[PDB]
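Peer 1: My structure is stored as run_14.txt, with compact mmCIF, C-alpha atoms and all ligand atoms.
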```txt
# COMPACT_ATOMS: atom_id res chain seq x y z
CA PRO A 42 3.14 6.55 -24.28
CA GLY A 43 6.38 6.04 -22.32
CA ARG A 44 5.89 6.06 -18.52
CA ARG A 45 7.86 8.85 -16.72
CA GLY A 46 9.03 8.62 -13.08
CA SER A 47 8.29 11.93 -11.35
CA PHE A 48 9.29 11.00 -7.75
CA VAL A 49 13.04 10.41 -8.16
CA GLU A 50 13.78 11.68 -4.60
CA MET A 51 11.73 8.77 -3.12
CA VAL A 52 12.47 5.97 -5.56
CA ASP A 53 14.69 3.28 -4.04
CA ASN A 54 14.27 4.59 -0.45
CA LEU A 55 13.49 1.18 1.13
CA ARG A 56 15.76 -1.64 2.20
CA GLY A 57 15.04 -5.08 3.62
CA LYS A 58 13.28 -8.29 2.64
CA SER A 59 9.99 -10.10 3.21
CA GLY A 60 11.17 -12.31 6.10
CA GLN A 61 12.47 -9.44 8.30
CA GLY A 62 10.72 -6.33 7.00
CA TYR A 63 11.13 -3.41 4.61
CA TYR A 64 12.27 -0.18 6.23
CA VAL A 65 12.77 3.51 5.48
CA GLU A 66 15.24 5.92 7.05
CA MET A 67 13.63 8.58 9.28
CA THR A 68 14.90 11.20 11.70
CA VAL A 69 13.36 12.11 15.02
CA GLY A 70 14.11 14.94 17.40
CA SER A 71 16.28 18.05 17.47
CA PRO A 72 19.12 17.60 16.55
CA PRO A 73 17.87 14.80 14.25
CA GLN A 74 18.44 11.22 15.41
CA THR A 75 18.55 8.82 12.43
CA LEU A 76 16.63 5.53 12.80
CA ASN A 77 15.54 2.82 10.32
CA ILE A 78 11.81 2.25 10.52
CA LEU A 79 9.81 -0.78 9.34
CA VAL A 80 6.93 0.23 6.99
CA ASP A 81 3.71 -1.44 8.26
CA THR A 82 0.39 -0.93 6.54
CA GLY A 83 -1.13 -3.41 9.07
CA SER A 84 -0.90 -1.22 12.21
CA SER A 85 -1.33 2.43 13.19
CA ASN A 86 1.30 3.28 15.84
CA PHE A 87 4.67 4.90 15.13
CA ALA A 88 7.08 3.48 17.68
CA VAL A 89 10.83 3.38 18.11
CA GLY A 90 13.32 1.55 20.37
CA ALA A 91 14.06 4.05 23.18
CA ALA A 92 16.26 1.94 25.52
CA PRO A 93 19.18 -0.53 25.02
CA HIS A 94 18.20 -3.94 23.58
CA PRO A 95 20.55 -6.77 22.48
CA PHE A 96 19.23 -6.43 18.89
CA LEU A 97 19.39 -2.60 18.61
CA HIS A 98 22.58 -0.77 17.51
CA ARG A 99 20.85 2.59 18.17
CA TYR A 100 17.73 3.95 19.79
CA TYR A 101 15.81 7.18 20.34
CA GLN A 102 17.28 9.28 23.23
CA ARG A 103 14.46 11.61 24.35
CA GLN A 104 16.69 13.50 26.80
CA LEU A 105 18.84 14.63 23.78
CA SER A 106 15.93 16.15 21.81
CA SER A 107 15.03 19.75 22.58
CA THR A 108 11.63 19.31 20.80
CA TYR A 109 10.57 16.20 22.74
CA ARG A 110 7.16 16.49 24.47
CA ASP A 111 6.08 13.97 27.11
CA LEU A 112 2.43 12.84 26.86
CA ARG A 113 2.75 11.13 30.33
CA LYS A 114 0.89 8.01 29.19
CA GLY A 115 1.88 4.40 28.62
CA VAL A 116 0.98 2.31 25.59
CA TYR A 117 0.96 -1.45 24.87
CA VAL A 118 0.81 -2.90 21.36
CA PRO A 119 0.41 -6.63 20.60
CA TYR A 120 0.98 -8.09 17.11
CA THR A 121 0.69 -11.58 15.58
CA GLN A 122 4.37 -12.12 16.46
CA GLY A 123 5.72 -9.93 19.20
CA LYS A 124 4.54 -7.17 21.45
CA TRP A 125 5.99 -4.10 23.12
CA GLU A 126 5.28 -1.52 25.82
CA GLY A 127 6.30 2.08 25.78
CA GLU A 128 5.78 5.72 26.71
CA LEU A 129 3.91 8.20 24.55
CA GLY A 130 5.38 11.50 23.44
CA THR A 131 5.61 13.78 20.42
CA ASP A 132 8.60 15.12 18.52
CA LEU A 133 9.59 16.52 15.12
CA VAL A 134 10.04 13.83 12.46
CA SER A 135 11.46 13.88 8.93
CA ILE A 136 11.99 11.33 6.12
CA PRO A 137 15.37 12.17 4.45
CA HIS A 138 14.44 10.34 1.19
CA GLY A 139 10.86 11.53 1.39
CA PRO A 140 8.93 14.78 1.04
CA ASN A 141 10.97 17.78 2.13
CA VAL A 142 8.80 18.47 5.21
CA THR A 143 9.11 18.10 9.00
CA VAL A 144 6.06 17.29 11.10
CA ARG A 145 5.27 16.90 14.78
CA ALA A 146 4.02 13.35 15.33
CA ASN A 147 3.06 10.98 18.10
CA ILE A 148 5.91 8.60 18.99
CA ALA A 149 5.74 5.60 21.28
CA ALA A 150 9.17 5.25 22.94
CA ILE A 151 9.57 1.46 23.35
CA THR A 152 10.92 0.59 26.82
CA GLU A 153 10.09 -3.15 26.97
CA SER A 154 9.46 -5.73 24.24
CA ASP A 155 9.06 -9.45 23.56
CA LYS A 156 9.86 -11.16 20.24
CA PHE A 157 9.45 -7.81 18.42
CA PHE A 158 12.96 -6.65 17.40
CA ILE A 159 14.77 -8.99 15.04
CA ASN A 160 18.49 -9.73 15.24
CA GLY A 161 20.29 -8.28 12.19
CA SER A 162 17.12 -6.76 10.59
CA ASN A 163 18.71 -3.22 10.64
CA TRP A 164 15.44 -1.58 11.79
CA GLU A 165 14.82 0.10 15.17
CA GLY A 166 11.16 1.11 15.01
CA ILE A 167 7.85 0.69 13.15
CA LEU A 168 5.67 3.06 11.15
CA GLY A 169 2.01 2.04 11.35
CA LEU A 170 0.41 3.46 8.19
CA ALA A 171 -3.19 2.32 8.77
CA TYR A 172 -6.01 4.31 10.36
CA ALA A 173 -6.71 5.70 13.84
CA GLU A 174 -9.50 3.17 14.55
CA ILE A 175 -6.87 0.49 15.33
CA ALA A 176 -4.30 2.80 17.04
CA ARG A 177 -3.37 1.97 20.68
CA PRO A 178 -4.27 2.96 23.38
CA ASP A 179 -7.24 4.30 21.37
CA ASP A 180 -8.34 6.22 18.24
CA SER A 181 -7.48 9.60 19.79
CA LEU A 182 -3.73 8.87 19.14
CA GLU A 183 -3.37 10.43 15.69
CA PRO A 184 -1.26 8.14 13.40
CA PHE A 185 1.81 9.49 11.59
CA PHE A 186 0.30 9.74 8.08
CA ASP A 187 -2.77 11.64 9.39
CA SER A 188 -0.35 14.13 11.07
CA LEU A 189 1.74 14.42 7.91
CA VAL A 190 -1.33 15.22 5.75
CA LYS A 191 -2.84 17.64 8.29
CA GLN A 192 0.39 19.66 8.76
CA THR A 193 1.67 19.87 5.14
CA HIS A 194 0.46 20.00 1.52
CA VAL A 195 1.40 16.31 0.97
CA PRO A 196 -1.49 14.58 -0.92
CA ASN A 197 -3.42 11.94 1.10
CA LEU A 198 -1.91 8.91 -0.71
CA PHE A 199 1.24 6.78 -0.60
CA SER A 200 2.38 3.87 -2.71
CA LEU A 201 4.66 0.91 -2.06
CA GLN A 202 6.94 -1.11 -4.31
CA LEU A 203 8.48 -3.91 -2.21
CA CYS A 204 11.27 -5.62 -4.12
CA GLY A 205 12.16 -9.20 -3.36
CA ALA A 206 15.57 -10.28 -4.69
CA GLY A 207 14.48 -13.84 -5.61
CA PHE A 208 17.49 -15.18 -3.63
CA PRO A 209 18.76 -14.88 -0.01
CA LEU A 210 20.47 -11.75 1.31
CA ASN A 211 22.59 -11.63 4.44
CA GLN A 212 22.71 -8.49 6.73
CA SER A 213 25.59 -6.95 4.62
CA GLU A 214 23.79 -7.61 1.29
CA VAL A 215 20.56 -6.04 2.70
CA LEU A 216 22.56 -2.95 3.73
CA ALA A 217 24.05 -2.61 0.22
CA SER A 218 20.84 -3.46 -1.77
CA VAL A 219 17.73 -1.46 -2.70
CA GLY A 220 14.60 -3.08 -1.27
CA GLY A 221 11.99 -0.93 -2.99
CA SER A 222 10.20 2.42 -2.85
CA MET A 223 7.73 4.19 -0.62
CA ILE A 224 6.33 7.14 -2.60
CA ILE A 225 4.75 9.59 -0.16
CA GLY A 226 2.05 11.74 -1.76
CA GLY A 227 2.08 10.22 -5.24
CA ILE A 228 2.35 7.41 -7.81
CA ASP A 229 5.66 6.91 -9.66
CA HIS A 230 4.93 5.48 -13.12
CA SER A 231 8.46 3.95 -13.51
CA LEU A 232 7.61 1.42 -10.76
CA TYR A 233 4.99 -0.61 -12.64
CA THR A 234 4.00 -1.99 -16.03
CA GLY A 235 0.52 -2.17 -17.54
CA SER A 236 -2.53 -0.63 -15.88
CA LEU A 237 -3.43 0.21 -12.26
CA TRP A 238 -6.68 -1.45 -11.16
CA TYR A 239 -8.43 -0.26 -8.01
CA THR A 240 -10.38 -2.04 -5.27
CA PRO A 241 -12.47 -0.05 -2.70
CA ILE A 242 -11.21 0.21 0.89
CA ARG A 243 -14.24 -1.40 2.58
CA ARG A 244 -13.76 0.40 5.97
CA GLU A 245 -10.91 2.68 7.15
CA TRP A 246 -9.31 0.77 10.05
CA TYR A 247 -6.91 -1.73 8.50
CA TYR A 248 -6.64 -1.38 4.67
CA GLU A 249 -9.63 -3.75 4.32
CA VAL A 250 -10.57 -5.12 0.88
CA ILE A 251 -12.96 -7.77 -0.51
CA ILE A 252 -11.77 -10.91 -2.36
CA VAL A 253 -14.53 -12.35 -4.60
CA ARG A 254 -12.91 -15.42 -6.23
CA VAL A 255 -9.73 -17.45 -5.83
CA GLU A 256 -8.10 -19.63 -8.52
CA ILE A 257 -5.14 -22.01 -8.41
CA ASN A 258 -3.79 -22.40 -12.03
CA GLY A 259 -7.17 -21.14 -13.33
CA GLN A 260 -9.13 -23.69 -11.26
CA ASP A 261 -11.75 -22.05 -9.05
CA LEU A 262 -11.26 -22.89 -5.35
CA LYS A 263 -15.11 -22.80 -5.32
CA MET A 264 -15.72 -21.66 -1.79
CA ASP A 265 -18.55 -19.30 -0.73
CA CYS A 266 -16.78 -15.90 -1.16
CA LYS A 267 -17.55 -14.90 2.47
CA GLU A 268 -14.98 -17.57 3.46
CA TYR A 269 -12.17 -15.60 1.72
CA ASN A 270 -12.93 -12.52 3.85
CA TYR A 271 -13.70 -14.25 7.17
CA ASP A 272 -13.43 -12.14 9.33
CA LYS A 273 -11.66 -9.57 7.09
CA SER A 274 -9.11 -9.31 4.26
CA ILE A 275 -6.33 -6.69 4.60
CA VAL A 276 -3.26 -5.46 2.71
CA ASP A 277 -0.33 -5.66 5.16
CA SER A 278 3.30 -4.75 4.39
CA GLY A 279 4.24 -5.65 7.99
CA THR A 280 3.37 -9.37 7.68
CA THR A 281 5.64 -11.73 5.71
CA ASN A 282 3.21 -14.32 4.39
CA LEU A 283 0.03 -14.55 2.41
CA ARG A 284 -2.19 -15.65 5.40
CA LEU A 285 -5.53 -17.31 4.70
CA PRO A 286 -8.53 -18.19 6.97
CA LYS A 287 -8.16 -21.81 8.19
CA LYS A 288 -10.77 -23.36 5.84
CA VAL A 289 -9.41 -21.41 2.83
CA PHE A 290 -5.83 -22.39 3.75
CA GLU A 291 -6.83 -26.09 3.91
CA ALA A 292 -8.56 -25.90 0.46
CA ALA A 293 -5.73 -23.85 -1.13
CA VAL A 294 -2.95 -26.15 0.08
CA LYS A 295 -4.89 -29.22 -1.13
CA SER A 296 -5.15 -27.56 -4.56
CA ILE A 297 -1.47 -26.43 -4.60
CA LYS A 298 -0.34 -29.95 -3.58
CA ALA A 299 -2.48 -31.45 -6.40
CA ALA A 300 -1.02 -29.03 -8.99
CA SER A 301 2.60 -29.67 -7.87
CA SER A 302 2.06 -33.46 -7.39
CA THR A 303 4.93 -34.49 -9.69
CA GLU A 304 7.14 -33.78 -6.60
CA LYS A 305 6.27 -34.82 -3.03
CA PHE A 306 7.05 -32.29 -0.28
CA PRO A 307 7.06 -33.03 3.47
CA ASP A 308 4.29 -31.83 5.77
CA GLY A 309 6.83 -29.46 7.45
CA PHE A 310 7.21 -27.61 4.12
CA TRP A 311 3.43 -27.06 3.65
CA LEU A 312 3.19 -25.91 7.31
CA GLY A 313 5.82 -23.22 6.48
CA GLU A 314 8.36 -24.61 9.03
CA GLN A 315 10.83 -26.46 6.80
CA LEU A 316 12.85 -25.28 3.86
CA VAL A 317 13.18 -27.27 0.64
CA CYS A 318 16.30 -27.12 -1.55
CA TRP A 319 17.17 -27.77 -5.19
CA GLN A 320 20.53 -27.95 -6.94
CA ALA A 321 21.68 -24.47 -8.05
CA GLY A 322 19.43 -23.01 -10.76
CA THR A 323 17.13 -26.09 -10.97
CA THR A 324 14.13 -24.83 -8.92
CA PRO A 325 11.15 -26.37 -10.80
CA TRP A 326 9.02 -23.22 -10.87
CA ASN A 327 6.84 -24.66 -13.68
CA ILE A 328 5.45 -27.48 -11.45
CA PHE A 329 4.00 -24.91 -9.01
CA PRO A 330 0.73 -23.16 -9.88
CA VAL A 331 -0.01 -19.48 -10.21
CA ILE A 332 -2.53 -18.06 -7.67
CA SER A 333 -5.16 -15.51 -8.65
CA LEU A 334 -7.11 -13.39 -6.23
CA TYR A 335 -10.08 -11.54 -7.71
CA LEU A 336 -10.85 -8.23 -5.99
CA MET A 337 -14.02 -6.14 -6.01
CA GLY A 338 -13.73 -3.36 -8.61
CA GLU A 339 -14.83 0.28 -8.33
CA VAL A 340 -17.50 -0.22 -11.09
CA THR A 341 -20.77 -1.92 -10.17
CA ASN A 342 -20.60 -5.70 -10.85
CA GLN A 343 -16.97 -5.58 -12.02
CA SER A 344 -13.95 -7.35 -10.53
CA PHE A 345 -10.29 -7.70 -11.58
CA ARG A 346 -7.64 -10.24 -10.68
CA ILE A 347 -4.06 -10.16 -9.41
CA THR A 348 -1.97 -13.25 -10.23
CA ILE A 349 1.12 -14.32 -8.36
CA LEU A 350 3.76 -16.81 -9.17
CA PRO A 351 5.63 -19.35 -7.04
CA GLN A 352 8.57 -16.82 -7.28
CA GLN A 353 6.36 -14.72 -4.92
CA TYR A 354 4.92 -17.38 -2.58
CA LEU A 355 8.17 -19.42 -2.25
CA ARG A 356 10.40 -17.25 -0.03
CA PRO A 357 14.17 -17.60 -0.60
CA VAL A 358 16.09 -18.69 2.49
CA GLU A 359 19.69 -19.65 3.18
CA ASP A 360 20.48 -23.38 3.51
CA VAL A 361 21.17 -24.91 6.98
CA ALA A 362 24.74 -25.63 5.59
CA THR A 363 25.04 -22.38 3.38
CA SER A 364 25.68 -24.60 0.21
CA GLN A 365 25.16 -23.64 -3.47
CA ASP A 366 21.57 -25.00 -3.46
CA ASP A 367 18.58 -22.72 -4.01
CA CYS A 368 16.29 -23.05 -0.95
CA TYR A 369 12.87 -21.74 -0.01
CA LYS A 370 10.10 -21.78 2.53
CA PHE A 371 6.39 -21.91 1.60
CA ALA A 372 5.10 -18.40 2.47
CA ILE A 373 1.37 -19.16 2.62
CA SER A 374 0.08 -19.88 6.12
CA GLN A 375 -3.11 -20.09 8.14
CA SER A 376 -4.86 -17.35 10.00
CA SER A 377 -7.65 -17.04 12.60
CA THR A 378 -7.96 -13.26 11.92
CA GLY A 379 -8.85 -13.30 8.19
CA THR A 380 -6.84 -13.00 4.99
CA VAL A 381 -3.54 -11.05 5.13
CA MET A 382 -2.03 -10.01 1.81
CA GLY A 383 1.53 -9.78 3.23
CA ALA A 384 4.90 -8.74 1.87
CA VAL A 385 5.40 -11.88 -0.31
CA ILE A 386 2.23 -11.01 -2.28
CA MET A 387 3.03 -7.24 -2.30
CA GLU A 388 6.43 -8.09 -3.89
CA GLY A 389 4.58 -8.92 -7.11
CA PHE A 390 2.86 -5.53 -7.34
CA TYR A 391 3.09 -1.80 -7.10
CA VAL A 392 0.40 -1.02 -4.46
CA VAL A 393 -1.24 2.40 -4.26
CA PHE A 394 -2.87 3.29 -0.91
CA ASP A 395 -5.19 6.01 -2.23
CA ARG A 396 -6.64 7.21 1.06
CA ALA A 397 -8.15 10.35 -0.54
CA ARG A 398 -10.38 8.18 -2.81
CA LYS A 399 -10.76 5.28 -0.30
CA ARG A 400 -9.26 2.75 -2.72
CA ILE A 401 -6.19 0.51 -3.20
CA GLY A 402 -4.56 0.17 -6.61
CA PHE A 403 -2.55 -2.76 -7.94
CA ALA A 404 -0.28 -2.98 -10.98
CA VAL A 405 2.42 -5.46 -11.95
CA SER A 406 5.70 -4.44 -10.28
CA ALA A 407 8.66 -3.46 -12.43
CA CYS A 408 10.81 -5.39 -9.86
CA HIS A 409 8.82 -8.64 -9.50
CA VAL A 410 10.71 -11.91 -9.77
CA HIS A 411 9.63 -14.15 -12.65
CA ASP A 412 10.92 -16.53 -15.32
CA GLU A 413 10.96 -16.56 -19.13
CA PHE A 414 7.57 -18.32 -19.35
CA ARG A 415 5.27 -16.60 -16.83
CA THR A 416 4.94 -13.19 -15.14
CA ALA A 417 2.72 -11.80 -12.41
CA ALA A 418 -0.41 -10.10 -13.78
CA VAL A 419 -3.21 -7.63 -13.00
CA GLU A 420 -6.13 -8.07 -15.41
CA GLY A 421 -9.73 -7.13 -15.85
CA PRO A 422 -12.59 -6.54 -15.99
CA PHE A 423 -14.74 -9.54 -15.06
CA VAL A 424 -18.48 -9.45 -14.57
CA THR A 425 -19.06 -10.47 -10.92
CA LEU A 426 -22.41 -10.25 -9.16
CA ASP A 427 -23.40 -9.64 -5.51
CA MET A 428 -19.82 -8.74 -4.50
CA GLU A 429 -20.97 -6.85 -1.39
CA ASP A 430 -22.21 -10.21 -0.01
CA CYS A 431 -18.57 -11.44 0.00
CA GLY A 432 -17.95 -9.07 2.91
CA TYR A 433 -18.20 -10.60 6.39
CA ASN A 434 -20.26 -8.80 9.06
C1 LIG B 501 7.46 -8.30 7.30
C2 LIG B 501 8.39 -8.72 8.40
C3 LIG B 501 7.71 -9.13 9.69
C4 LIG B 501 8.80 -9.28 10.72
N1 LIG B 501 7.11 -10.46 9.50
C5 LIG B 501 5.91 -10.76 10.15
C6 LIG B 501 5.28 -9.93 11.07
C7 LIG B 501 4.05 -10.28 11.61
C8 LIG B 501 3.33 -9.29 12.44
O1 LIG B 501 2.77 -9.56 13.49
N2 LIG B 501 3.29 -8.06 11.82
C9 LIG B 501 2.83 -6.85 12.46
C10 LIG B 501 3.99 -5.84 12.57
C11 LIG B 501 5.29 -6.42 13.05
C12 LIG B 501 6.44 -6.15 12.33
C13 LIG B 501 7.66 -6.63 12.75
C14 LIG B 501 7.75 -7.42 13.89
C15 LIG B 501 6.59 -7.70 14.60
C16 LIG B 501 5.37 -7.20 14.19
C17 LIG B 501 1.62 -6.26 11.72
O2 LIG B 501 1.20 -5.02 12.32
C18 LIG B 501 0.41 -7.19 11.66
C19 LIG B 501 -0.12 -7.59 13.02
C20 LIG B 501 -1.58 -7.85 12.77
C21 LIG B 501 -1.95 -7.03 11.55
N3 LIG B 501 -0.70 -6.52 10.98
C22 LIG B 501 3.45 -11.48 11.26
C23 LIG B 501 4.20 -12.25 10.38
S1 LIG B 501 3.66 -13.83 9.74
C24 LIG B 501 2.16 -14.13 10.49
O3 LIG B 501 3.65 -13.80 8.28
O4 LIG B 501 4.61 -14.79 10.32
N4 LIG B 501 5.36 -11.94 9.81
```
So that I can check it, write out the structure of this file as structure tokens.
Ligand SMILES: CC[C@H](C)Nc1cc(C(=O)N[C@@H](Cc2ccccc2)[C@H](O)[C@H]2CCCN2)cc(S(C)(=O)=O)n1

Peer 2:
Amino acid sequence: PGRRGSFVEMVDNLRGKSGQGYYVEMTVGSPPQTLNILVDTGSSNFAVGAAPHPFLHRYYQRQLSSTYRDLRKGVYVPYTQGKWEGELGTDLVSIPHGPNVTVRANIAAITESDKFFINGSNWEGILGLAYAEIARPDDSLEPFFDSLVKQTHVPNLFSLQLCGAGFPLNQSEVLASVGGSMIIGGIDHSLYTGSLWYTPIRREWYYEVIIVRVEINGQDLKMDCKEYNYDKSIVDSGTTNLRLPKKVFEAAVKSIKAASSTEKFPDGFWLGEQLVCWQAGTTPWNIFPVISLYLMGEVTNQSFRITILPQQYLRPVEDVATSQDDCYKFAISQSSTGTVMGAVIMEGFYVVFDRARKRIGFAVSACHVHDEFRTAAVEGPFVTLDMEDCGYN
């Protein structure tokens, strides 16, 4: 049967890109103050710029909102890159291209920050969509999505389609382009092809999952599966790269280098620091391998796999001389805090955060970048034993 899209109001409500973030328009306060907010499934605080900053064109003005409530408490939030400090409060919030509801939510008014805001990113705040366990200052600060579900009839689920262009976008092109969809309270069947396969959410803090096998061009990386989830594996729209635990990163890059060995790349490229360029239209996608991550299934002893292409893990960037060449950075990097399935991997898939059923669904995205010979894939089932042992304690 033909797939129908039943959430037209929310389709195409995101803008942005993997390197700077995907954001949604929101309003806060009375009268409403419009702000662009980065969608982050890897944190749990809703926070907005609330004081002048060289990189902000607008910010939340609490003194102009008649519905503002002061919680008289400070908050500090550190991330992998950047940190900020602010003042807690509550106010009415709406999502113009979202459900037609207004809710009262906790808002951290950012007063000081370091390496958080990004010049020309067009966003002024962050929407932490994960669970209260990781909220700052503590788990008593109800996150936005928990408030939304508690105060309305919106189902306890959201889904994300992050759309990478496959080429660089400047600030003006980002403003004029659709970056994807955040469907609040449902699944839009126009956003994916094939079937949705679900992995259990291991624990409700981050969106934690369990990886049970890793392949590079079908070749098993052959590590003990606990290594892939050391000390956790999470799905994170607020991180650019696919981040892997140090030992896994070292094995994966050795395997990716071996598969792409018909061309030699500098160490700076593999460390994700240096771009590489090819003459216009000549990027040799076929020399780079596909990467498959097998995820624990919902059925006992069953797994499924998601497969990404180099069009996902090679992030388009502009040249140092803005030439006609096609340039990229390697968007796989090391981590000391476990695996992070970041925006570059999410760009291949439609991802369903089914909080109600404690599971995350993946399907091939209708907007993923590919070539005439290969596409991203979500396939299953595979018989996989002792998958619970892949989880790190
Ligand atoms: C998608 C666009 C953002 C700007 N790119 C990022 C953000 C972070 C980060 O700390 N994300 C934060 C959120 C954030 C967004 C924008 C700016 C700063 C931080 C997120 O909450 C993480 C922290 C730990 C678990 N989830 C890390 C990386 S990395 C390591 O790939 O270089 N890339």

Peer 1: Go through A:359, A:345, A:225, A:243 one by one, measure the shortest atom-to-atom distance of each to residue 47 (chain A) using all atoms listed in the file, and give the residue with the smallest value.

Peer 2: A:225

Peer 1: Please identify all protein, DNA and RNA residues within 8 Å of ligand LIG 501 (chain B), counting all atoms listed in the file, and report them as a PyMOL selection string.

Peer 2: chain A and resi 58-63+79+81-85+119-124+156-159+167+169+247+277-284+372+374+376+381+383-384

Peer 1: Using all atoms listed in the file, which residue out of A:71, A:200, A:378, A:324 lies closest to residue 223 (chain A)?

Peer 2: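 Once distances to residue 223 (chain A) are computed over all atoms listed in the file, the minimum belongs to A:200.
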
Peer 1: Can you pull out the residues contacting region 251-268 of chain A? Cut-off 7 Å, using all atoms listed in the file, and skip same-chain residues under 5 positions away; I want them as a list in words.

Peer 2: residues 274, 289, 296, 297, 330, 331, 332, 333, 334, 335, 336, 337, 428, 431, 432 and 433 of chain A

Peer 1: Closest to residue 351 (chain A) among A:222, A:416, A:270, A:107, using all atoms listed in the file?

Peer 2: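 Of all the options, A:416 lies closest to residue 351 (chain A).
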
Peer 1: What separation in Å, quoted to one decimal, exists between CA of residue 217 (chain A) and CA of residue 407 (chain A)?

Peer 2: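 Distance between the two atoms: 19.9 Å.
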
Peer 1: As JSON, please report the centre and edge lengths, rounded to one decimal in Å, of the axis-aligned box that holds all listed atoms of region 395-408 of chain A with 8 Å of padding on each of the six sides.

Peer 2:
```
{"center_x": 0.0, "center_y": 2.4, "center_z": -5.7, "size_x": 37.6, "size_y": 31.8, "size_z": 29.5}
```

Peer 1: Pick out the closest residue to residue 203 (chain A) from this set: A:346, A:356, A:409, A:230. Count all atoms listed in the file.

Peer 2: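 Under the stated criterion, the closest residue is A:409.
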
Peer 1: Fewer than 4 positions away in the same chain doesn't count, so skip those; otherwise give me all residues within 12 Å of residue 190 (chain A), counting only C-alpha atoms, as a list in words.

Peer 2: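 Within the cut-off, the hits are residues 140, 142, 143, 144, 145, 146, 183, 184, 185, 186, 194, 195, 196, 197, 198, 199, 225, 226, 396 and 397 of chain A.
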
Peer 1: Separation of CA of residue 57 (chain A) and CA of residue 402 (chain A), in Å?

Peer 2: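 According to the coordinates, CA of residue 57 (chain A) and CA of residue 402 (chain A) are separated by 22.7 Å.
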
Peer 1: If we count all atoms listed in the file, what is near residue 339 (chain A) at a cut-off of 7 Å, once residues fewer than 5 positions away on the same chain are taken out, given as a count of residues only?

Peer 2: 3
